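Undergrad: First, the structure itself, so that you have it in front of you.
All of the numbers you see were taken from the coordinates with simple rules; none came from a lab. Cβ placement follows ideal geometry from the backbone for every residue including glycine, while neighbour counts extend to all protein chains displayed.
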Ligand SMILES: [Cl-]
Ligand SMILES: [K+]
Ligand SMILES: [Zn+2]
């Protein structure tokens, strides 16, 4: 036998992403991890830090996205999001790319394919057996699950495909029933151009009973519209910020001004804009508060080189300094390829990213540290590096301990992808004999 750096070897497509979060959660000495496996089904494993033992992976549900007739080989939008409820049941939200006509008429958006789904463990703290609840709307993409101190559960998602509101559904009974969706970002026709307001959001815990949300704007062009008939692209710009007080129900901007829901583009431009990106095209990141309660934002942006996706985008750091939004500098200086990363912040000046980028054809995952509030970062330890590969990463694990902070997928082909749990220094290893016995 020997120890290997990966805990599973069956990921497909992009098995992880920062937007589907948490992908993993630490509780009581156990780190639970989830990722997208064969047929885009959600798989879950766990590591016991005291005994050194891995369990799983086990399949938690059956995704429609892996059973489509034709189309893109892998969809990836239904990779899993995890939550542990106050009774210890593990919930997995997965499978959705906006629903389809067979599910109904979507009253808050359009559709695409794949009903959004919700599985729960049959027993508390036991990842081996699952049951379906599917008690959330099927018209969902981009699940983000948050549990408050009182046990209430909020699931944030886009209520359909592009031309859809962003919503949450709230449960007060440990995820067994959910109230109807509440729209917090509005989609609607623009009156000045042939496009629809569309959004991408990342919701996370704030302090106290607050949830914080960073988001970018998608110019969702009608077919044949735009410059020289360019038509529909992934064009996105800018980054915005707002907060949700879950006790009162009210939303506000960084200065505490209250917002009427759902927030429109016009209100957002007036009240919640955090950093304009000019002509740069964006891909949203994440947001976290510093020790003074001030929001910091990771936003990816890059030059539009004429592709349907614009061009490669690099992570940049933005923060509220107490009086104004500042920043926008790239985390990796002078880097012009693709970078992604999540960050931790303590004092407002002290920010650390765990970021992936490529050097030549090698995939790198390394820590980058700033002590000047994100104007300059310096690379510190590399936690994982693989030749002839690229990495997909999760957001930081909920309540992570130093040994197990982020999930990484070593993309080489689009199947058989090795999955890694990494900490401050490197991977949490697994016995190869154990892994082979466990792999389904
Ligand atoms: Cl990119
Ligand atoms: K990502
Ligand atoms: Zn669109």
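Undergrad: Calculate, for residue 264 and residue 179, the FRET efficiency according to 1/(1 + (r/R0)^6) with r their C-beta to C-beta distance and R0 30 Å; round to the nearest 0.05.
TA: Working from the Cβ atoms, E equals 0.85.
Undergrad: On to the next question. Principal axis extents for region 309-391, Cα atoms only, whole Å, descending order, please.
TA: 45, 31, 17
Undergrad: Right, something else. Kirkwood hydrodynamic radius of region 323-440 from all distinct Cα pairs, in Å?
TA: The answer is 15.5 Å.
Undergrad: Against the empirical 2.2 N^0.38 Å scaling, what ratio does the C-alpha Rg of the chain come to?
TA: This ratio for the chain stands at 0.92.
Undergrad: Continuing with the same structure: How long is the gain from residue 188 to residue 105 if the chain were fully straight, where each residue apart is worth 0.36 nm and the alpha carbon distance is subtracted?
TA: Net length gain for the segment: 28.2 nm.
Undergrad: Given 25 °C and 0.890 mPa s, how large is the Stokes-Einstein diffusion coefficient of region 397-437 in µm²/s, with Rh as the Kirkwood radius over Cα pairs?
TA: Calculated translational D: 214 µm²/s.
Undergrad: Continuing with the same structure: How large are Rg and Dmax for region 179-219 when calculated on the C-alpha trace, in angstrom?
TA: Rg and Dmax of region 179-219, Cα atoms, are 13.5, 42 Å.
Undergrad: Could you check the simple spin-label distance between residue 245 and residue 379, using points 7 Å along Cα→Cβ, in nm with one decimal?
TA: Output for this residue pair reads 4.5 nm.
Undergrad: Helix-derived [θ] at 222 nm for the chain: sum -39500 (n - 2.57) over DSSP H runs of at least 4, divide by residue count, nearest 500?
TA: Value at 222 nm, helices only, nearest 500: -1000 deg cm²/dmol.
Undergrad: Distance in nm between label sites at residue 68 and residue 371, each 7 Å beyond Cα in the beta-carbon direction?
TA: Going from the residue 68 label point to the residue 371 one covers 4.9 nm.
Undergrad: Given C-alpha coordinates of region 40-155, what is the ratio Rg to Rh with the Kirkwood estimate of Rh?
TA: 1.01
Undergrad: Another question about this same structure. When the distances between all Cα atoms of region 199-331 are binned every 5 Å from zero, what whole-number percent does each bin get?
TA: In whole percents, the pair-distance histogram is 2, 11, 20, 22, 19, 12, 8, 5, 2, 0.
Undergrad: Mind sorting 316, 337 by how few other Cβ atoms lie within 10 Å of their own Cβ, fewest first?
TA: Fewest-to-most Cβ neighbours within 10 Å comes out as 337, 316.
Undergrad: Follow-up. Only counting other Cβ atoms within 10 Å, I'd like 381, 330 sorted with the fewest neighbours first.
TA: Fewest to most other Cβ atoms nearby, the residues stand as 381, 330.
Undergrad: Figure the gain on full extension for residue 387 and residue 122 (residue separation times 0.36 nm, minus the Cα-Cα span) and round it to one decimal in nm.
TA: Difference between extended and current length: 91.4 nm.
Undergrad: With a cut-off of 8 Å between alpha carbons and a minimum separation of six or more residues, what is the relative contact order of the chain in percent?
TA: Worked out over the chain, it gives 15 percent.
Undergrad: Next up: At a threshold of 8 angstrom on Cα-Cα distance, excluding pairs fewer than six apart, so keeping six or more, what relative contact order does region 303-433 reach in percent?
TA: Relative contact order, region 303-433: 15 percent.
Undergrad: Rank by packing, highest mean first: peptides 402-412, 155-165, with packing defined as the count of other Cβ atoms within 10 Å averaged across residues.
TA: 155-165, 402-412
Undergrad: Moving on. Please check: in the Gaussian network model of the chain (C-alpha springs, under 10 Å), which one of 360, 222, 152 has the largest mean-square fluctuation.
TA: Result: 360 has the largest fluctuation of those listed.
Undergrad: Given labels modelled 7 Å from the Cα in the Cβ direction, how far is it in nm from residue 2 to residue 305?
TA: In this crude label model, residue 2 to residue 305 measures out at 3.8 nm.
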